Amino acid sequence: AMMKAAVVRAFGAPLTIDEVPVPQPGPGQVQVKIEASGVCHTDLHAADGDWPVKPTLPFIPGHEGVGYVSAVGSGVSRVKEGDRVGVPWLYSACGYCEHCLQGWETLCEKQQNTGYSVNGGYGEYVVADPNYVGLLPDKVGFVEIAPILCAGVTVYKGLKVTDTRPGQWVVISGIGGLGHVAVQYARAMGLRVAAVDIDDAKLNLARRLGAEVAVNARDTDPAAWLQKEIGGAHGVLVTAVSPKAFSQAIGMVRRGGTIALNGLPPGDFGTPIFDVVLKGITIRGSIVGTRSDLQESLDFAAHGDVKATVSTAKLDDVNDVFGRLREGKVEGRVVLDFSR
């Protein structure tokens, strides 16, 4: 069989929509027929090769792909034909290293990554390791659930590692794909939410989704504004694609506070070490989520606590989507629709 897929063949170049072979599932593998496929900013980073560790060319991006198990190899019991599943960033892990045994498989040094080191969901079919796919809730459709496969799980875990508790203030910096669902997860976790971005439309989105307070960093110093407004936050989750937002976030927290980092813009960010030490601040990188994180994050969507803001696009228009996302002209998430 042949299939349509969007392929990266050179960093910086537009993706090409080509006919490629349908991947077949070997032993212990499953095949997934894609019905929807979220566009993550990471996909831009990957196609631009602006990260230290590059994807091997060529490749098909996409780690927010969801659909049906359309075929099953041998020795597979976790899922069966017809099951609704998603294939996330964490494609697979070794399962027995120290990290994996501790239930921190997101840290597995032997992990594979969907739509980066292996081909992803920007296509009609994708092969997956059934041991690491998301098991989708029956009551949420493909288009709405797709973003939870990365945006959702990531910020859910990110919020967990801020070490904030119900009643406390958390700041979400960057109300994009990750950010806009981050606001919703925070409320579901009993947190009071403040939002920071550089575009009023984003802040308006945050306001609708539960943000009690919101500030535009292009209009004022957000750190100073937040210190005055709420006395500083107990936690911050940075999803912004700007190193500047990382530095600013550090000045947003109360003493003893924690800043968790999701965003992956190239380079360093300026860190006021003196204040971090004097104020006992924690800065903490968070990387997607374990299978347990993933399952829990899907359950919040299933219960209606989190609903992704989504607009659809066609596979063929993937380069336009990339352009819009790059220009910050996307509200929430774009999901590629493969439905009939």
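For the two forms, the rigid core is made up of the largest set of C-alpha atoms that agree within 1.5 Å on superposition. One rule holds for the numbers: they count along the sequence shown, beginning at 1.
- Farther on average from this form in 4 other deposited structures of this protein lies stretch 208 to 216, the comparison being between 75 to 83 and 208 to 216 by RMS Cα distance after core superposition.
- Across the superposed structures in 4 other deposited structures of this protein, aligned by the core, the stretch whose Cα atoms lie more distant on average is 263 to 271, chosen from 181 to 189 and 263 to 271.
- In this entry, 71 to 79 has the higher mean Cα B-factor, the comparison being between 71 to 79 and 160 to 168.
- Of the two stretches examined, 188 to 196 and 222 to 230, the record assigns the greater average C-alpha temperature factor to 222 to 230.
- Per the PDB record, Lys139 has a higher Cα B-factor than any other of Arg255, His99, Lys139, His180.
- Taking the deposited Cα B-factors for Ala47, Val288, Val30, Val39, the highest one is held by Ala47.
- In this PDB entry, the Cα temperature factor of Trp104 sits in the middle third of its chain's modelled residues.
- When the modelled residues of the chain are ordered by their C-alpha B factor, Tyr125 lands in the middle third.
- When the CA B factors of the chain's modelled residues are split into thirds, the value for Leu315 lands in the highest one.
- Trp89 sits in the lowest third of its chain by CA B factor, as recorded in the PDB entry.
- Sort the modelled residues of the chain by CA B factor and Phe269 lands in the highest third.
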